[PDB]
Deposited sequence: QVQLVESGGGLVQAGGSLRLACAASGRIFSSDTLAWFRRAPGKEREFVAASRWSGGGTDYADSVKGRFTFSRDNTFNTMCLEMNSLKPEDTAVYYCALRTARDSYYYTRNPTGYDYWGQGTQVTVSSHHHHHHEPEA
């Protein structure tokens, strides 16, 4: 019902500040939780950050920042003080409130996924 496309990322030196923009086509209902998942080579998907469409915020850090336009159905995640081990594939995931209103960090709960970047 909703299609998520994430853009941004690339080969960058340790000193830099990336910006990944995830745009969703469909309806978000101001209650779905949007999250970013990290997949390093040879590893599995791990939680990075998440936030409700209305408001909130839960990182991990104090260095990552979450932004939501809330008007064009798109949102952004920025990075600061990149590390050599931070390079991985980033996935934009959405969790609807149809099943339950509980918040979880398990990637299994999320049902909508997009193609990875970087």
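Residues of the deposited sequence with no modelled C-alpha atom fall in the ranges 61-64, 123-137.
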